[PDB]
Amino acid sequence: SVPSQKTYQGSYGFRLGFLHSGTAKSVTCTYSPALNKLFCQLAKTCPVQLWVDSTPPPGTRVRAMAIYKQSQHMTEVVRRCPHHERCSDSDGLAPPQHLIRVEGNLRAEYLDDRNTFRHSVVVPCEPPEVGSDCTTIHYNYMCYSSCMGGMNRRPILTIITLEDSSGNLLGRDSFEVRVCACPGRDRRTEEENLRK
């Protein structure tokens, strides 16, 4: 099977937001609206904003999962490559096989689906800090898109789902991800390719 990637704002008007980080060679994470694609360095902080029009119930959660973008690979579980799953860089909570981690949230839970074997990481949905207009989750991607025997240059999507306390769908958004050495350069290149 294959998880849905259909954008769905749902009853609470759920959607993502991204910072405007630019494309300098020194940037570590940058988002392209034209490509709906996040470019980031290995294991660096990726801020993702969560926006709603109305307050979801207590117990609402936010889940992140990666799938391959190309149809011929969508049934393959996205996981870390044979090197990175053994490099002993765990944070104490994320299983070493998981591509996506949440940084700095002790309530993050990591799921290995008993049926699909797919990995995901889920956190409680929290209201914005006083003075802020949205909530931000900090994600890390723990393999390069190019890693041999893992993603192996295949593009991936991250699916973010807003869930009730049972895991039922309340909202869904998604974005493509490239984990690479030079996100600013690669964003500029792919945006130019798109224009051309």
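All residue numbers refer to positions in the sequence shown, first residue = 1.
- Comparing 19-27 with 170-178, the stretch with the higher mean C-alpha B-factor in the PDB entry is 19-27.
- Stretches 187-195 and 3-11 differ in mean CA B factor, with 187-195 having the higher one.
- Which of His83, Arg101, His73, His119 has the largest Cα B-factor in the deposited entry comes down to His73.
- In this PDB entry, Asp53 carries a Cα temperature factor that places it within the middle third of its chain's modelled residues.
- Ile159: CA B factor lies in the lowest third for its chain, per the PDB record.
- Among all modelled residues in its chain, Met142 ranks in the lowest third by Cα B-factor.
- Among the modelled residues of its chain, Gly131 has a C-alpha B-factor that falls in the highest third according to the deposited record.
- In the deposited entry, the Cα temperature factor of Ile67 places it in the middle third of its chain's modelled residues.
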